[PDB]
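Protein chains in written order, with the UniProt record's numbering: chain W, 299 to 338, 348 to 718; chain G, 299 to 338, 350 to 716. Beta carbons are placed, not taken as given, at the ideal position from N, Cα and C, and that holds for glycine. Some notes on the structure that comes next.
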Amino acid sequence: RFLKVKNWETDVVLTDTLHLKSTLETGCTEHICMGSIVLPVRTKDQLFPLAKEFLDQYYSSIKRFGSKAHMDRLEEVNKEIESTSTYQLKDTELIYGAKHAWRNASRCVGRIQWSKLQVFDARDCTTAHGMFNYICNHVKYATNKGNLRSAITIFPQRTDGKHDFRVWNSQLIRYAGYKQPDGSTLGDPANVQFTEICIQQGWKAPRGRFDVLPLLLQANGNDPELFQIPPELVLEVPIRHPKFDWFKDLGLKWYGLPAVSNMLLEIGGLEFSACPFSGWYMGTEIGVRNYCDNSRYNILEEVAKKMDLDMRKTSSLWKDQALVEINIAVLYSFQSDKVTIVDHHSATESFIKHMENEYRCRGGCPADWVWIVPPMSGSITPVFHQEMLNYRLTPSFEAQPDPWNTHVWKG
Amino acid sequence: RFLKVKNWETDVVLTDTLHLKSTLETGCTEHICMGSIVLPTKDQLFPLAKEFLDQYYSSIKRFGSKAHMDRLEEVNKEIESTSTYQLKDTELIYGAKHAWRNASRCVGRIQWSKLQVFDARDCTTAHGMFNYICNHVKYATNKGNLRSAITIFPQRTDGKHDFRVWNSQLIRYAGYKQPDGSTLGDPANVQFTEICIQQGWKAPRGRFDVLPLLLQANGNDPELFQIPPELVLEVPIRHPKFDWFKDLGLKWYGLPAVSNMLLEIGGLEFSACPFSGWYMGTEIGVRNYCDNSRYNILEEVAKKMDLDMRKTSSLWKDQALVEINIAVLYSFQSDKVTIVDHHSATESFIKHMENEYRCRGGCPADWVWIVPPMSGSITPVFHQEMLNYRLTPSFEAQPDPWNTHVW
Ligand code: HEM
Ligand code: HEM
Ligand SMILES: Cc1cc(N)nc(C[C@@H]2CNC[C@@H]2OCCNCCc2cccc(F)c2)c1
Ligand SMILES: Cc1cc(N)nc(C[C@@H]2CNC[C@@H]2OCCNCCc2cccc(F)c2)c1
Ligand SMILES: C[C@H](O)[C@H](O)[C@H]1CNc2nc(N)[nH]c(=O)c2N1
Ligand SMILES: C[C@H](O)[C@H](O)[C@H]1CNc2nc(N)[nH]c(=O)c2N1
């Protein structure tokens, strides 16, 4: 069967055949669309099929589908599974899986880059100190003094689900949140809870607006340990504006490395519950969301004040006006410091080209419109006018319950 | 079976139950989500009729009463005997309003209950249709103080006697293909302008030429009419700061009046049913003025502002886009034509979801269309999970009449 997506700006119509390789469910039914819902331990029995599907895909990709090497490897895996009930991926298969998980990440506008991922194999890691060292090396490699390189570090897979490796932080580098008795928050409101768990674990909180959280790391299902990232490894950019000289006095800065640490990498039915990855930012993540969400640093008011916009009527578009200048500032600051960043116009155009190529070479590109369209200026970016089909391929990056909610404390 | 919607900004969680009463099919499956796709008999009619009359008598707190039972029989006897049935005025008023209430793509639904309904089921000709439409335009416009309204022409019979308004809105601007290679006026209406000129319209061949109506009565051949110009309230576009803006020659019409949709009440189909409310500012400024395929004025405006167009990252598109929308809002306000901005529109809709969840058990909403095409995440709708599903009565898209009609 065939499915067609149209672009309403260009009239270019594409045909998706790839969605036929999608078994996982979406949340949607014929009666209900759940496209805007954010969140819509395995037997031998169910494992070998997932391994088989994965290794036929790997083997196809390297042009060895049906070979001896292929067959011997299905045999090898079959056996390991029957014997130990799990299996180990070869290096080449890990690399290929992590890549394809990114490539299948339908909420990711940054996929043109999918083939260039640096993979760090951390499957020999046994302790939370081991993890810290791996994570520092990752932060350092990826940061590359501002010339950011995408990377993922991959720690041991789930076994019995009682010995999980996890990174309690939701990103490797994130700023502390601090709820005050007056009810106001100091720093980043999104990190209040995790900030509490850190303090409670023994972290001495500086209690500033931009305190870099400590890494909180679980190995082998043990209680997580605290570590501090070397400050020299944390690239930050102070935010200033090109025309507006008062902007710097607002006191804003941001870290340069976006590094998602709370997702689960599924490859060949195996579950990699610590797999922190990173690329570089698109400017709007910081300037629209991080700075201007009501439940984040919420600086829109303070910025429109300085600009002396008319704030007595929403219809002065004062918020929209401040929004743009802040985003100008983020982009200006990173560029002046030579820290890789991409604006939303350029990122969305690149994504359109990626997507079309993917249709040609692969027979499709799953894409989640709700997330692909940037949180500002949506319709003046080409992704707005692009129909997209959203569906789950493996390998894949999934959300997973936060570990403070599940962890069984040893003490 | 009981679904939860979360707001990620306020942590408010609502529980939807209205969706189990959903009847039409969405486009999505267990395997594939089509949320972002624009267009995803006697025995047939009686359950549809019943389903509808059941909800109606439930709305007037008379469910199961004799008045209810009597109607259900009357309609049954009419279907069996005539192949169709006729709605009571009260059922018609209720259906129209409820179709609006159910429009999952409409951010404006807090207003749903004040729909003025014009019963045009007694219309027989295209001239009749023209009178009714001019009357709708004038009532709804109201010297600038716009009032939501819909006019309903006779329902489909054997499907070869359809009433249609060929325009996609009652008031739109002509599209002309130029020897230059470019387009004059509104590129979205080239096809339709050709058709009008084919039927014999003297086109002024300007930029903001108000289209002629093409009215199909009783499945006949459509005829041309000009809306009296004094009925079409238009707004010249200026900016509170920028002196030069006005010299772009921009204007827009006050009354958005969707006229190509099909209204389904209780299995009966009303294929000509233009309705109008009023504009949310982003509709004109962001979409009509700025879309590559529309009036596409970003380039021109950026130059008058003298911003660095050398590179995307200066956000010059974004800068000009804002001020274009300031101008639209300011201009409508200065002329006292109702318009609403996207902040206020979305805020109002969040209030309207809460009331609907509290009062009806839910609210079908299509996030893709609800979120303004500019500044999404600073509007509250961005952070609101919504569930999209199809309830009836409904407004539905339908094929352009020219693809279908035979002369
Ligand atoms: C070139 C650098 C990249 C850019 C500019 C980029 C851009 C983005 C953006 C803007 C989002 C959504 C933003 C948000 O709301 O959080 C996103 C989501 C995502 N990205 Fe990328 N990304 C990049 C690299 C990567 C890498 C290296 C991976 C992993 C290999 C990745 C995997 C994902 C996943 C799994 C999501 C969904 C996130 C979630 O569900 O919370 N991205 N990306
Ligand atoms: C009075 C203030 C109103 C506001 C502010 C408003 C706002 C909107 C907006 C922004 C859209 C998005 C569609 C687009 O951007 O093209 C929309 C769509 C829609 N509205 Fe409303 N509207 C209003 C009145 C009405 C009325 C009176 C009706 C029906 C009687 C209605 C029914 C619909 C329907 C059916 C759609 C979807 C049309 C389509 O699929 O193209 N609205 N509305
Ligand atoms: C509840 C929930 C579910 C889910 N899947 N995800 C979340 C993370 C939220 C989404 N929106 C804000 C925050 O996301 C913050 C992390 N976003 C970074 C994506 C990115 C960009 C560039 C390079 C990269 F390597 C990665 C929360
Ligand atoms: C192909 C196709 C399908 C569809 N459902 N719709 C279209 C009209 C396009 C879509 N999106 C913009 C334009 O529609 C024109 C603007 N729509 C007006 C909605 C509205 C607003 C305020 C008051 C009202 F009474 C009505 C085309
Ligand atoms: C409810 C809604 O799906 C939610 O707010 C989404 C909308 N789109 C988004 N898009 C991105 N990139 N990141 C987000 O966190 C969200 N939030
Ligand atoms: C592809 C996508 O469905 C299409 O661009 C939609 C997105 N959201 C929209 N939302 C509204 N209100 N109006 C539109 O015309 C569109 N276009």
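So what does DSSP say about residue 344(W), is it helix, strand or coil? For residue 344(W), nothing is modelled; it lies in the interval where chain W passes from 338 to 348 with no residues in between.
Under DSSP, the beta strand (DSSP E) around residue 303(W) begins and ends at which residues? Reading the first sequence from its first residue, position 5 is the one you call residue 303(W). Looking at the DSSP string, the run of the beta strand (DSSP E) that includes residue 303(W) is 301-304.
Is the distance from the Cβ of residue 654(W) to the Cβ of residue 662(W) below 8 Å? The count along the first sequence starts at 1 and reaches residue 654(W) at position 347. The count along the first sequence starts at 1 and reaches residue 662(W) at position 355. No, these two residues do not count as a Cβ contact at 8 Å.
Contact check, residue 315(W) vs residue 670(W), beta carbons under 8 Å: Translated into the one-based positions of the first sequence, residue 315(W) becomes position 17. Translated into the one-based positions of the first sequence, residue 670(W) becomes position 363. Yes. Within cutoff.
How many whole angstroms separate the CB atoms of residue 651(G) and residue 563(G), which I take to be in contact at a CB cut-off of 8 Å? Position 342 of the second sequence, counting from 1, holds the residue named residue 651(G). Position 254 of the second sequence, counting from 1, holds the residue named residue 563(G). Actually they are not in contact, since the Cβ atoms of residue 651(G) and residue 563(G) sit about 18 Å apart, beyond 8 Å.
Complete alpha helix (DSSP H) runs within the stretch 619-654 of chain G (minimum length 4 residues, chain order): 625-643
Of the choices 510(W), 463(W) and 411(W), whose alpha-carbon is the least far from that of residue 317(W)? Counted from its first residue, the first sequence places residue 317(W) at position 19. Selected option, being the one with the closest Cα: 411(W).
In chain G, which residues lie with their C-beta within 9 Å of the C-beta of residue 698(W)? As a first step, residue 698(W) must be located in the first sequence, where it is residue number 391. 329, 330 and 331, listed in chain order.
Ignoring anything shorter than 3 residues or poking outside the stretch 518-580 of chain W, list the beta strand (DSSP E) runs there in chain order. 522-525, 532-534, 543-545, 560-562, 571-574 and 577-579
Based on the DSSP secondary-structure assignment, which residues constitute the bridge partners of residue 494(G)? Taking the first residue of the second sequence as 1, we reach residue 494(G) at position 185. Its beta-bridge partners are 484(G).
Unbroken beta strand (DSSP E) run spanning residue 314(W), endpoints: Taking the first sequence and counting its residues from 1, one reaches residue 314(W) at position 16. First-last of the beta strand (DSSP E) with residue 314(W): 311-314.
Chain W within 8 Å of residue 316(G), Cβ atoms only: For the purposes of this step, residue 316(G) is taken as the residue at position 18 of the second sequence. Not an interface residue.
By the three-class DSSP mapping on this structure, what secondary structure does residue 697(W) have? Sequence index remark: in the first sequence, residue 697(W) carries index 390 (1-based). In this structure, residue 697(W) counts as strand in the three-state DSSP scheme.
CA-to-CA distance, residue 559(G) to residue 405(W), given in whole angstroms: Indexing the first sequence from 1 puts residue 405(W) at position 98. Indexing the second sequence from 1 puts residue 559(G) at position 250. Between residue 405(W) and residue 559(G), the C-alpha separation is close to 52 Å.
Could you tell me how far apart the beta carbons of residue 324(G) and residue 699(G) are, in whole angstroms, since I believe they sit closer than 8 Å? Residue numbering aside, residue 324(G) sits at position 26 when the second sequence is read from its first letter. Residue numbering aside, residue 699(G) sits at position 390 when the second sequence is read from its first letter. Their Cβ separation, rounded to whole angstroms, is 6 Å, which keeps residue 324(G) and residue 699(G) in contact under 8 Å.
Tell me which same chain residues have a C-beta within less than 8 Å of the C-beta of residue 629(G), skipping the five on either side of it? In the second sequence, the residue the question calls residue 629(G) occupies position 320. Excluding positions up to five away in sequence, the list reads 607, 610, 611, 614 and 616.
Counting contacts by CB-CB distance shorter than 8 Å, is residue 553(W) in contact with chain G? The residue given as residue 553(W) occupies position 246 in the first sequence. Chain G contact via Cβ: absent.
Considering only heavy atoms of ligand 6 and the C-beta of each residue, which residues fall inside 6 Å, strictly closer? 306(W), 691(W), 692(W), 693(W), 694(W), 334(G), 336(G), 677(G) and 678(G)
heavy atom of ligand 2 below 7 Å from residue 416(G) C-beta: For the purposes of this step, residue 416(G) is taken as residue 107 along the second sequence, with counting starting at 1. Within the cutoff, so yes.
Contained alpha helix (DSSP H) runs [length at least 4] in the stretch 399-479 of chain G, N- to C-terminal order: 435-450
Can you check which of these residues, 682(W), 597(W), 693(W) and 578(W), is closest to residue 705(W) by C-alpha distance? Locating residue 705(W) in the first sequence gives position 398, where the first residue counts as 1. Residue 705(W) has its Cα closest to that of 578(W), out of 682(W), 597(W), 693(W) and 578(W).
Please state whether the Cβ-Cβ distance between residue 454(G) and residue 621(G) is less than 8 Å. Indexing the second sequence from 1 puts residue 454(G) at position 145. Indexing the second sequence from 1 puts residue 621(G) at position 312. Going by C-beta atoms, residue 454(G) is not nearer than 8 Å to residue 621(G).
Going straight from the alpha carbon of residue 312(G) to that of residue 565(G), what length do you get? Stepping through the second sequence from its first residue, residue 312(G) is reached at position 14. Stepping through the second sequence from its first residue, residue 565(G) is reached at position 256. Going by the C-alpha atoms only, they are around 32 Å apart.
Which stretch, first to last residue, makes up the alpha helix (DSSP H) that contains residue 355(G)? The residue given as residue 355(G) occupies position 46 in the second sequence. 351-368 is the span of the alpha helix (DSSP H), which, as asked, contains residue 355(G).
Within the structure, which residues are defined as neighbours of ligand 4 by a Cβ-heavy atom distance below 5 Å, reported in chain order? 565(G), 567(G), 585(G), 586(G) and 706(G)
Taking 7 Å as the cut-off, is the C-beta of residue 649(W) nearer than that to any heavy atom in ligand 7? In the structure on display, ligand 7 does not appear, and the ligands it does have are ligand 1, ligand 2, ligand 3, ligand 4, ligand 5 and ligand 6.
Distance cutoff 8 Å, beta carbons only. Does residue 368(W) sit that close to anything in chain G? What you label residue 368(W) is simply residue 61 of the first sequence in a count that begins at 1. For residue 368(W), the answer is no, since every Cβ of chain G falls outside 8 Å of its Cβ.
Quick check: what's the CA-CA separation for residue 696(G) versus residue 326(G)? Counted from its first residue, the second sequence places residue 696(G) at position 387. Counted from its first residue, the second sequence places residue 326(G) at position 28. About 12 Å.
Whole angstroms is fine: what's the gap from residue 679(W)'s alpha carbon to residue 440(G)'s? Counting from 1 along the first sequence, the entry for residue 679(W) is found at position 372. Counting from 1 along the second sequence, the entry for residue 440(G) is found at position 131. Rounded to the nearest angstrom, the two C-alpha atoms are 46 Å apart.
Quick one: residues in its chain with C-beta nearer than 6 Å to the C-beta of residue 487(G), no 5 flanking neighbours on either side, listed in chain order? Translated into the one-based positions of the second sequence, residue 487(G) becomes position 178. So the list reads 493, once near-sequence residues are dropped.
Using only the heavy atoms of ligand 1, determine whether one of them is closer than 7 Å to the beta carbon of residue 592(G). Along the second sequence, read from residue 1 onward, the residue named residue 592(G) stands at position 283. No, the beta carbon of residue 592(G) sits no closer than 7 Å to any heavy atom of ligand 1.
Proximity test, Cβ basis, 8 Å: residue 596(W) and chain G: Locating residue 596(W) in the first sequence gives position 289, where the first residue counts as 1. Chain G, which has a Cβ nearer than 8 Å to the Cβ of residue 596(W), makes this yes.
Just to confirm the assignment, what range does the beta strand (DSSP E) spanning residue 703(G) have? As a first step, residue 703(G) is located in the second sequence; it is residue number 394 there, counting from the start. That run of the beta strand (DSSP E) goes 703-705.
Going by the beta-carbon positions, is the gap between residue 390(W) and residue 474(W) smaller than 8 Å? Here residue 390(W) refers to the residue found at position 83 when the first sequence is read from its first residue. Here residue 474(W) refers to the residue found at position 167 when the first sequence is read from its first residue. Result no, Cβ atoms of residue 390(W) and residue 474(W) do not sit closer than 8 Å.
Is the CB of residue 510(W) under 8 Å away from at least one CB in chain G? The count along the first sequence starts at 1 and reaches residue 510(W) at position 203. It does not: the Cβ of residue 510(W) has no partner Cβ on chain G nearer than 8 Å.
For residue 372(W), I'd like the list of residues in its chain whose CB is within less than 8 Å of its CB, leaving aside the five on either flank, ordered along the chain. Start at 1 with the first residue of the first sequence, and residue 372(W) comes out as number 65. 363 and 366.
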